[PDB]
Every structure is written in C-alpha cells, then in structure tokens.
Amino acid sequence: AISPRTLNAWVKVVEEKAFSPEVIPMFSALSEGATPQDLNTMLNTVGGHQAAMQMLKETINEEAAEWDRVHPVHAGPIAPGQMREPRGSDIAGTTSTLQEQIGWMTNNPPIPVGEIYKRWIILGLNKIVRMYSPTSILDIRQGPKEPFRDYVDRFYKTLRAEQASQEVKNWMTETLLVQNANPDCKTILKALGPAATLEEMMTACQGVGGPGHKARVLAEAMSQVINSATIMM
Amino acid sequence: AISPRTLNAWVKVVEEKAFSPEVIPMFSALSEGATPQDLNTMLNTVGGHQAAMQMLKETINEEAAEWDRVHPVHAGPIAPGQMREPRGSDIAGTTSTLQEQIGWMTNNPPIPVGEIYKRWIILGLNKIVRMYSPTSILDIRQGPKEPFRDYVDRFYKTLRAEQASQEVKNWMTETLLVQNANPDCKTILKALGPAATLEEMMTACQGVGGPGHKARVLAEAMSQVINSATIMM
Amino acid sequence: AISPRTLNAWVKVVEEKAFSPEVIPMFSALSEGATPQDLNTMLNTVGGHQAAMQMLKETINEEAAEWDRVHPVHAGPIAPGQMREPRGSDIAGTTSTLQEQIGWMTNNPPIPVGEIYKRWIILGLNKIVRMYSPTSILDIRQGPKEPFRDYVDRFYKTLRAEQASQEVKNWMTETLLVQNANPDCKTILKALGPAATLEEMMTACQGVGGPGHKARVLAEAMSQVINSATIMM
Amino acid sequence: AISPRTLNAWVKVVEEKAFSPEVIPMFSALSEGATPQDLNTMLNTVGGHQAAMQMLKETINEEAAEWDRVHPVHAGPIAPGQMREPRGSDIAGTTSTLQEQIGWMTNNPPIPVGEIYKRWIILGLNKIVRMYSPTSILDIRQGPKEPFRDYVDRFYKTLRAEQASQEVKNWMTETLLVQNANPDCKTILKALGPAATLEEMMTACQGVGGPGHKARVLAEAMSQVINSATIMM
Amino acid sequence: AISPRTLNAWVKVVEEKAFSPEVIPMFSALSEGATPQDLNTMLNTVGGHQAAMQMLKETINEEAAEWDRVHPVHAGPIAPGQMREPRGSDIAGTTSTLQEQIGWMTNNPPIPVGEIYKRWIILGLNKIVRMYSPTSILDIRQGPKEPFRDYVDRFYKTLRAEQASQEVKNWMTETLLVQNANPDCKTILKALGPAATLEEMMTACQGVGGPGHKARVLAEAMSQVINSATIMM
C-alpha cells in the first residue's frame with residue numbers, strides 16, 4: 146500500500162499549483178510501483194477541479210475501451226487458476242479486488258497492469274494539461290452590460306472556492322471587488338467613500354443600466370458639449 | 146482504521162482555517178472511535194504550524210506523566226495473557242502495537258484507551274487555541290529603523306509559507322510589499338513609478354538610514370523652516 | 146551498481162542549476178532501480194549547499210521514524226533466514242550492508258526498499274524546493290549603515306564559493322563590488338578614479354559612518370541650503 | 146509491447162515543443178518498463194530534427210563502447226542456455242531479437258538491460274538539451290550584404306519544415322518575409338504597395354547590392370549634404 | 146578501485162580551472178597507485194574541452210605505438226600462465242580486463258603497467274598545457290565587418306558552455322554583449338536606451354554594413370567637413 150503522508154503531499158501539490166506541464170513528474174515519482182486500486186484511490190482524492198476530472202475519467206474509459214478492442218476474451222476451459230487475462234474493464238480496477246490485483250502482480254509472468262494503468266493516467270493528465278485554463282479570483286471582471294448585483298454574486302460564488310486563509314479573503318474582498326468594476330458603476334461606487342458596506346454599495350449602483358440612469362449620463366454628456374457649443378455664441 | 150479521505154478533509158480544515166475555538170468539534174467528529182495509533186497518525190500529518198505542535202506534544206507528554214504518576218505498575222505473577230494495564234507511555238501509542246491496541250479495545254472490560262488519548266488531545270488543542278496568534282502575510286510591516294533589504298527578505302521568507310495559488314502570490318507581491326513600507330522609504334520608492342522591479346527598488350532605498358540620507362532629510366526640514374523664518378525678514 | 150559518469154552528470158546538474166521545481170525528474174531518471182546504499186552515496190556526493198542538506202536529512206529521518214511507528218518489529222522464532230522485515234533505521238541504509246540489501250531486493254517477494262527510499266527522498270527534495278531561496282554573488286549589497294570593510298569581507302567570503310572560472314571572478318570583483326556600494330561611500334569611492342586597488346579604496350571609505358564624516362556631510366547640506374537662504378538677502 | 150496511442154502522444158509532445166529541460170520526465174514516464182527494442186522504436190519515430198539525432202545516436206554508441214570496455218566477454222564452455230551476458234552492442238538492441246530480449250528480462254536474476262538503455266538515452270537527451278538551440282521561422286533575417294533572391298529562397302526553404310496548418314503559413318508568408326528585410330531593400334520593397342506578388346517584388350529588389358544601385362544611393366546622400374552645404378552660400 | 150568522491154573532486158578541479166602548468170601535481174596525487182583501467186575511466190569522465198582531448202588521446206596512442214616498436218612480441222611455447230608481457234595496445238587498457246590487469250600488478254615481478262600509463266598521460270597533459278589557450282565568454286568580440294546577428298549567435302553559442310549559475314548568466318548577457326560590440330553598431334545600439342530587448346536591438350543594427358547605412362555615415366562625415374569648409378567662405 147501507500148503511506149498516508151505521501152497521498153497528502155501529492156494532493157497538496159495538486160491543489161497548491163495551477164494546471165502546469167510538470168505535474169506528471171511528481172505524479173509518476175510519488176505513485177511508484179503502486180497498485181491500480183491505490184492509483185484510483187489517489188485519483189478520486191483530488192478536491193475540487195471536478196471539471197477536468199470529467200475529461201480525465203473520459204480518456205481513461207476510452208483507453209479501456211481500446212484495450213478491450215485489442216485483446217480477446219477467449220480463454221478456457223482450464224480449471225480455475227490464474228482465471229483470465231486482465232480486462233480493460235478491470236485494469237482500471239472497477240470490477241476487481243485487491244486480492245485479484247495481487248494475484249496478477251506477484252504471479253509469473255508479472256503482467257504489470259498497474260504500470261499500464263499508470264501509462265493511461267499519464268496520457269490523460271497530459272491531455273488535461275493541454276485542454277485546461279486555470280481560473281482565479283483575479284480574472285473575475287464585470288461585463289460591460291451586467292447587473293452589478295449579479296456581478297457581486299458571481300464574485301463571492303467563485304471566491305468561496307479560493308484556497309486561502311481567512312484574513313486574506315477579507316482584504317481580497319475589500320480591494321479587488323470594487324477595483325474591478327466597470328467605469329460606469331465605478332464612477333459612482335468610488336465617489337461614495339470606501340467606508341460603506343456591500344449593502345450601501347449595492348443600493349448605490351442598483352440604478353445603473355436603467356433608463357433613468359442612461360438619461361442622466363446622456364444629458365451630462367450633451368450639456369458638456371453645448372457648454373462650448375455656446376462659449377462662441 | 147480510518148479512510149484516507151477523512152484524514153484529507155480534516156487536514157484541509159486545519160490548514161484552511163486559522164487557530165479558532167471551533168476546531169475541537171470537527172476534530173472529535175471526524176476522529177470518532179478511532180484507535181490511538183490512528184490519532185497520532187492524524188496528528189503528525191498536519192503540515193506547517195510546527196510551532197504550536199511543540200506545545201501540543203508537550204501537553205500530551207505532561208498528561209502522560211501524570212497518568213503514570215496516578216497508576217501503579219504493580220502486576221503479576223499471572224502467566225502472560227492481557228499482560229499489563231496500559232501505561233501513560235503507551236496510551237499515547239509510543240511503545241505499543243496496533244495488535245496490542247486491539248487486544249486492549251476489544252477485550253472485556255473495554256478500557257477505552259483511545260477515548261482517554263482523545264480527551265488529552267482535546268485538552269491540548271484547547272490550550273493551544275488559547276496560547277496562539279495566527280500570523281499572516283498581511284501583518285508583516287517594516288520596522289521604523291530597519292534595513293529595507295532585510296524587510297523584503299522577511300517578506301518573501303514568510304510569503305513562501307502562505308497557502309495560496311500562483312497568481313494570487315504575484316499580485317500580492319506587487320501590492321502589499323510596497324504599500325506597507327515606512328514613510329521614509331515609501332516617499333522615495335513611490336516617487337519612482339510602479340514599473341521598476343525589485344532590483345531597482347532595492348538599489349533606490351539602499352541609502353535610507355545612512356548618514357548621507359539623514360543629512361539630506363534634516364537639511365530639507367531646516368530649509369523649509371528658514372524659508373519662512375525669512376519671509377518676514 | 147551505478148556508473149561513475151552518471152553520478153558525475155547528475156551532480157553536474159545539481160551544482161550547475163539553482164533550486165528549481167524540475168530537479169526531481171532528472172533525479173528519478175538517473176537514479177533508476179538503484180540500491181539504497183547507492184542512493185545515499187548519490188546524496189552525500191553533493192558539494193556545498195549543506196544548508197538545505199540539513200533539512201533534507203531531517204525529512205528523511207522523520208519519514209524513517211514514521212515508518213518505524215507504523216511497522217512492528219515482532220518476528221520469530223524462525224531460524225535465521227530472511228531474518229527480519231526492513232526497518233526505518235536500515236531502509237535508509239544506516240545499519241545494513243549491500244549484501245543484506247541484495248538479500249532484500251532479489252528475494253521473493255521483492256520488497257522494493259530502494260523504491261521506498263526513493264519516494265522519501267523525492268518528498269524531501271520537493272519540500273526543499275519549496276523552502277529554499279538561491280543566493281548569488283549578484284545580490285550581495287551594502288547595508289545602509291555598515292562598515293565598508295565588513296562589506297568587502299562578506300563580498301569575498303561568499304565570492305569564494307561562487308562556481309566559475311578564474312578570469313570571470315577577476316572582472317566580477319572589478320565591476321560589481323564598487324557598483325553595489327551605498328551612495329555615501331560610492332560618491333567618494335567613485336571620485337577616486339578606477340585605477341586604485343582595494344587597499345587604497347579601503348583607506349578611502351574608512352571614514353564613512355564616523356562623526357567627522359557625518360559632520361562634513363551635514364555641513365555641506367546646510368551650506369547648500371544657506372547659499373540661497375541668502376541669494377535673496 | 147507499447148500501445149500505439151502512447152507513442153503518438155509522446156511524439157506529439159516532441160514535435161510540439163522546442164528543446165527544453167523537461168522532456169526527460171515525460172519520456173521516462175511514457176517509456177515505462179518497456180523493452181529496449183521498443184525504446185529504439187520510440188527513438189527513430191521522431192520526425193525531423195535529425196541534426197540532434199546525430200549527437201544522440203553518438204552518445205548512445207559511446208556509452209555502448211564504454212560498457213563493452215568495462216565488461217569482459219569471457220564465458221563458457223557451458224552448453225547453450227542463457228548463452229552469454231548482454232553486450233554493449235546488443236543492449237542497444239542492434240544484434241539481438243525480441244525473443245532474446247525477453248529471455249533476458251524474465252530470467253532470474255532479471256538483468257534490467259532495458260533500464261540501462263533507458264539510463265543511457267536519458268543521459269543523451271540531457272546532453273542534447275544542453276547542446277541545442279531551436280530554430281524558428283521567426284529568426285530568419287536578411288544578412289546585411291545578401292542577394293534578396295537567396296534570402297527568399299532560404300525563407301521558404303526553412304518555412305516548408307514549419308509545423309503549422311495551411312492558412313497560418315499563408316499569412317506568415319505575407320507578413321514576416323517583407324517585414325524582416327534589410328532597410329536597403331525594405332525602403333524600395335515597401336514603397337511599392339503591398340498588393341504586388343513575390344515575382345514583382347523579386348524584380349524590384351533585384352538591383353540592390355549592384356554598382357548602379359550603390360551609385361544611386363551615394364548620390365542621394367551627397368546631394369542631401371550639398372543642399373545645405375549651399376543654403377549658406 | 147578509486148572512491149567516487151576522489152574522481153568528483155579531481156574533475157571539479159579540472160572544470161573549475163583553465164589549462165595551467167600545475168594540473169599534473171593534483172592529477173598524480175589523486176591518481177595514486179591506481180589501475181590503468183581506472184585511469185582511463187578518470188580520463189573520459191572529463192566534460193567538455195574535447196578539443197584538447199583529441200591531442201591527448203593522440204599522444205597516448207603515439208607512445209603506445211612507440212612502446213610497441215621497442216618491445217618484441219616473441220613468446221612461447223610455454224603453457225598458458227602469465228601468458229605474455231603487456232602490449233602498447235593493452236597497457237592503455239584497450240584490449241585487457243581488470244582481471245588481467247591484476248594478474249599483472251600483483252604477480253612477481255610487479256611490472257608497473259599502471260605507472261607507465263601514468264607516465265604517458267603526464268607527458269600528454271604537459272604537451273596539452275603547452276599547446277592550449279583557454280577560451281572565455283570575456284574574449285568574444287565583434288569582428289570589424291561582421292553581421293551583428295551572427296555576432297549574437299556566436300555569443301550565445303559559446304555562452305551556453307560557460308560554467309556558472311543562472312543569474313550570473315543573465316547579468317552577463319545584459320552587460321558584456323552590448324558593451325563589446327563594434328563602435329559602428331554601438332553608436333546606434335547605445336542611443337536606443339538600455340530597456341529594449343534583444344529583438345528590438347537586432348532590428349536596430351540590422352542595417353549596419355549595408356549600402357544605405359554606409360551612405361548615411363559617409364554623408365555625415367562629409368557634411369561635418371563641409372560645415373567648416375564653408376565657415377570661411
């Protein structure tokens with residue numbers, strides 16, 4: 146088996162870092178000579194980022210289907226002993242036991258089912274590294290035509306998944322949320338001093354995008370125009 | 146035994162949160178009916194914060210000494226079977242095996258050594274909650290008379306332990322480090338636009354605190370005084 | 146065993162590069178299927194950087210303690226043959242021989258003690274990669290209030306460990322040492338032309354920081370002030 | 146054996162990326178426990194970049210020679226069975242069969258010839274990573290004194306090896322080729338609007354470097370001089 | 146045999162220092178009483194500087210030929226025992242084994258083949274010390290009529306072999322490359338501030354040496370002449 150601190154360190158590295166091309170080294174290093182059951186154990190222990198786990202699990206099942214497609218199940222009628230060759234269904238450890246897993250790995254010849262599963266998972270992780278883009282708290286920005294309340298609601302929504310301590314989150318919430326708004330709601334949210342709370346702020350920019358507010362802004366632009374349309378009249 | 150995802154979730158909660166008075170509930174909940182060996186396993190799996198682990202381990206050994214002090218070791222000469230009562234040395238699982246641990250917990254009467262160890266660890270964690278103060282990246286501030294280079298060196302030194310992703314750290318390094326300096330080095334670091342790197346910044350404030358710089362500042366103050374010492378002359 | 150050129154190439158890569166997250170790949174690649182004794186051999190062959198070797202050796206001994214804590218030593222009374230299971234003390238190859246090491250690795254089942262030691266060392270190297278910061282000759286800068294002689298003494302002190310050829314070191318000594326001084330000693334060291342030696346330079350800035358020199362500088366600042374304090378009188 | 150999709154993914158990574166220090170991880174990961182024949186198979190499947198393949202093949206043969214130099218061929222007269230030890234000639238799989246390869250890898254003790262070949266290939270790939278410099282389409286620039294026609298001929302010559310789709314290549318051919326010419330031919334190629342084809346362009350700059358053209362340019366420079374040599378006369 | 150740290154220290158001294166007349170002492174000291182096979186082992190472990198290794202290997206083979214020329218191979222028909230005298234072919238350890246090497250060195254009289262090989266290698270190293278000139282990064286200078294791009298290409302080409310750490314190389318690349326150019330390209334590369342990258346620099350001096358640029362420079366010289374050719378007209 147594998148020691149719990151190894152699994153914790155590996156998962157620490159997976160949370161701690163964004164998708165990057167160097168995950169495979171650390172994975173192959175820590176997951177050394179393990180058994181397939183333990184590898185799937187190591188797989189489902191990842192927390193969050195289930196989006197990519199979708200594609201990963203999919204490339205696994207696809208390789209499983211292809212190994213099935215290459216290998217025939219013809220066997221018998223030998224009396225039960227070393228009962229079949231492995232199957233793309235069980236190489237991933239879905240329908241087989243640790244006992245059966247050992248009876249594969251210590252028997253001669255040692256068919257390295259674990260190694261094959263490792264190879265597949267590496268292929269998958271590579272494809273993932275190519276097909277992902279890490280999301281942060283830093284990128285979340287207000288759309289140009291977007292109700293401010295929904296903006297804050299998405300802000301907190303993704304913020305709750307951010308991996309940091311408490312006080313970081315507080316100061317984060319204080320600096321970026323206001324800083325990253327559109328110019329339209331910023332030029333009103335920032336006139337009101339940075340002492341009010343999210344409630345007063347919400348009630349402040351609640352008018353943006355509406356007809357009364359668009360009127361106001363258009364009138365201010367037109368008045369600034371005509372002020373000099375008439376300096377010379 | 147305990148399932149690996151339980152240990153990962155508990156440790157996730159311990160890293161993710163600062164010392165707070167509510168850790169004990171979650172700990173007692175997850176660490177339910179476990180065996181002492183597993184509890185110590187759950188203990189040493191914590192990563193970082195070894196400072197408090199010092200005091201924790203100490204309160205454990207102190208309770209162990211006191212349980213020793215209360216319980217006598219007189220026993221025998223019964224032939225080997227259920228060989229002794231437990232000991233403050235082994236209740237913490239230092240000199241006993243999982244086998245011996247079971248031979249304690251399933252035998253009648255079930256002396257709940259695990260429960261006692263749980264009680265001690267709870268006492269300890271409580272004392273820790275009282276005697277700690279969480280450190281952040283947010284608190285690190287420049288001393289009033291402090292070489293700026295050492296300031297940045299401590300900044301990064303504690304920054305490397307911060308528990309967050311990559312791009313957070315980058316923007317962190319860009320905003321707080323400059324913002325949190327003393328007024329003396331700030332009024333020179335901030336005159337130079339926020340486009341230069343840490344090297345140019347370092348070479349800029351390298352003069353602060355020195356005699357040539359103290360001269361400069363004193364002369365500017367005195368000149369501003371005398372400018373009006375003489376407006377009226 | 147391992148061939149000497151492999152060890153030389155690996156150590157070449159370790160000296161040649163600063164701490165970086167990609168050391169583990171090359172290490173696991175070169176240190177392939179080796180025996181634990183050879184791995185420790187590969188460990189102590191590193192030259193310099195003993196600071197991190199402290200922490201590395203420590204994480205090894207800690208994993209060793211934990212493997213001890215998990216595995217019981219109960220065994221016997223079988224007559225001597227395959228005499229015990231390995232121990233966290235000897236898995237690192239402290240109290241065991243190459244003979245005993247082989248008698249572990251070629252026997253059935255092959256308990257891959259070497260692989261386990263590899264796993265531990267990888268864990269350690271990773272933790273090192275996180276907890277280090279490479280020092281260079283390039284960073285060494287004069288403190289703001291620092292006797293120039295001690296500055297040069299530290300310069301050479303760390304310079305002697307720099308990994309380069311002779312003439313590089315010479316030109317290094319000529320350009321950075323003077324360039325990286327504080328403005329106070331620079332404005333005197335650089336008035337004296339770049340033809341004098343370290344001795345004349347030392348005798349030149351020997352006055353900085355002292356009361357006579359602070360007087361001089363303060364008087365020059367005050368005189369420049371009063372020159373225009375009186376242009377208008 | 147190895148599955149074809151693994152080989153395709155590995156070769157995809159090798160084409161897709163320039164020489165970089167992280168190829169070894171992915172290589173060792175995918176090429177796991179394989180047989181030497183398969184490793185050489187994986188070697189010659191690389192497409193293009195044969196230049197470095199020269200040096201790679203050379204470091205392999207050199208290690209082979211050295212292993213020969215260390216290991217004696219004395220053996221016999223045992224009747225044929227496990228017939229010799231391997232040889233630096235056949236460890237690389239030149240003069241041995243897959244059958245003989247298996248008769249090495251499954252026999253006791255399993256002499257890991259494949260692992261040794263892996264070690265050599267890793268050494269080689271590392272040396273390659275050090276001794277290469279990736280060429281692009283982006284670097285190709287006109288020499289200062291260079292017939293424009295040869296410039297375009299080299300442009301296309303290396304362009305045909307670029308690894309991209311069709312329309313990319315078209316727009317590439319339209320923007321960089323003209324942009325990257327020398328000022329001399331650019332100041333004539335760019336006066337003619339960007340609507341003419343490569344033929345008209347070729348006929349345009351065909352005069353550069355020649356005596357008639359050098360005359361023209363020298364006369365224009367001299368005339369611009371004398372225009373003000375005489376403003377004041 | 147020889148201990149690996151001895152070989153590493155010797156090779157450290159060989160890389161670390163340029164060709165100098167004092168290598169022989171350290172070599173003879175470390176390579177003490179060794180066996181010829183180990184000496185050749187110590188020879189091919191040198192990394193880089195293969196140029197001189199050519200001449201070295203050549204003087205070895207020449208001494209080997211001469212020892213052949215002096216010593217006759219007549220021997221026999223004694224039954225196999227201490228089978229021949231050594232040969233200039235095998236004294237260098239090309240066609241002999243460590244076993245045969247021992248059967249030479251421990252037999253009476255001990256023909257010190259290793260000592261003779263040592264003598265030859267010393268002769269060779271001496272001749273090398275005379276016939277070499279160390280190349281540095283420091284000497285690389287731009288030819289007077291040389292396309293700047295090729296200049297940078299050679300700069301990096303030899304730079305990649307320099308034996309130093311990362312940040313040294315960076316600052317090296319920043320200071321010497323620009324400093325060491327010809328006056329012609331320097332007076333344009335240095336007018337553009339030291340903030341642009343190698344790409345902008347390349348595009349800047351791409352015009353040098355060409356007819357348009359030679360025109361420009363000649364016109365500026367002639368105009369400066371005529372400015373005073375006419376002050377007095």
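Those protein sequence lines, which keep their order, are chains I, D, E, O and J.
According to the authors' numbering, the first sequence is numbered sequentially starting from 146.
According to the authors' numbering, the second sequence is numbered sequentially starting from 146.
According to the authors' numbering, the third sequence is numbered sequentially starting from 146.
According to the authors' numbering, the fourth sequence is numbered sequentially starting from 146.
According to the authors' numbering, the fifth sequence is numbered sequentially starting from 146.
Each residue gets a CB set at the ideal place from its N, CA and C atoms; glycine is no exception.
- Rounded to whole angstroms, the gap between the alpha carbons of I:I285 and I:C330 is 16 angstroms.
- Chain E places a beta carbon closer than 9 angstroms to that of O:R264, counting this residue as a contact.
- Annotation: Cβ neighbours of D:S281 in chain I (cutoff 8 angstroms, chain order): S310, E312 and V313.
- Here E:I205 carries a helix assignment [DSSP, helix/strand/coil].
- The beta carbon of O:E208 sits closer than 6 angstroms to those of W265, all from its chain and outside the five residues before and after it, given in chain order.
- In this structure, E:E307 lies near J:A309, with their beta-carbon atoms less than 9 angstroms apart.
- For O:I169, the closest C-alpha among the options O:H358, O:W155, O:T180 and O:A179 is that of O:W155.
- Contacts with chain I at 9 angstroms (Cβ-Cβ) do not include D:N206.
- When C-alpha distances from D:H358 are compared across D:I333, D:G338 and D:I371, the shortest belongs to D:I333.
- Within 10 angstroms of the beta-carbon of I:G259 lie 16 or more other beta-carbons, which makes it buried.
- Under a 10 Å Cβ-count criterion, I:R150 is classified as buried, with 16 or more other Cβ atoms of the shown protein chains found around its own Cβ.
- Secondary structure at O:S281: coil, using DSSP grouped into helix, strand and coil.
- When C-beta atoms of the segment 295 to 303 of chain O are compared with those of the segment 202 to 218 of chain O, fewer than three pairs fall below 8 angstroms, so the two segments do not count as touching.
- Out of D:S278, D:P292 and D:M377, the CA that lies nearest to the CA of D:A196 is found in D:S278.
- Taken through DSSP and simplified to helix, strand or coil, J:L337 comes out as coil.
- Interface residue (Cβ-Cβ distance to chain O less than 9 angstroms): I:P254 is classified as such.
- Of the candidates I:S176, I:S173, I:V215 and I:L152, the residue whose Cα lies closest to the Cα of D:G192 is I:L152.
- In the DSSP assignment, D:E161 falls within the alpha helix (DSSP H) that extends over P149 to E161.
- Assignment of E:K290 by DSSP, reduced to helix, strand and coil, places it in the coil class.
- DSSP, read as helix, strand or coil, puts J:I256 in coil.
- For O:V370, the secondary structure class from DSSP, reduced to helix, strand or coil, is helix.
- Contact residues of the segment 166 to 195 of chain E toward chain O are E167, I169, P170, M171, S173, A174, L175, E177 and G178 (C-beta to C-beta distance below 9 angstroms).
- Not one beta carbon of chain J lies nearer than 9 angstroms to the beta carbon of O:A336.
- Across the set O:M347, O:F164 and O:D183, the C-alpha of O:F164 shows the shortest separation from the C-alpha of O:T280.
- Rounded to whole angstroms, the Cβ separation of J:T180 and J:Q246 is 5 angstroms, and the two are in contact under 8 angstroms.
- Here DSSP, grouped into helix, strand and coil, assigns I:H358 to helix.
- O:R232 and O:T242 have their alpha carbons spaced roughly 13 angstroms apart.
- Here the alpha carbons of J:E345 and J:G338 stand approximately 11 angstroms from one another.
- E:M276 has a beta carbon lying within less than 9 angstroms of a beta carbon in chain D.
- At a cut-off of 9 angstroms between beta carbons, E:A364 makes no contact with chain J.
- In the displayed model, D:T318 falls within a helix according to three-state DSSP.
- Contact of J:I247 with chain O is not assigned, every C-beta pair being separated by 9 angstroms or more.
- By the Cβ-count criterion, O:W316 is exposed, with fewer than 16 other Cβ atoms from all chains shown falling within 10 Å of its own Cβ.
- By the neighbour-count definition (other C-beta atoms within 10 Å, threshold 16), J:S373 is an exposed residue.
- In the three-state scheme derived from DSSP, where H, G and I count as helix and E and B as strand, E:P328 is classed as helix.
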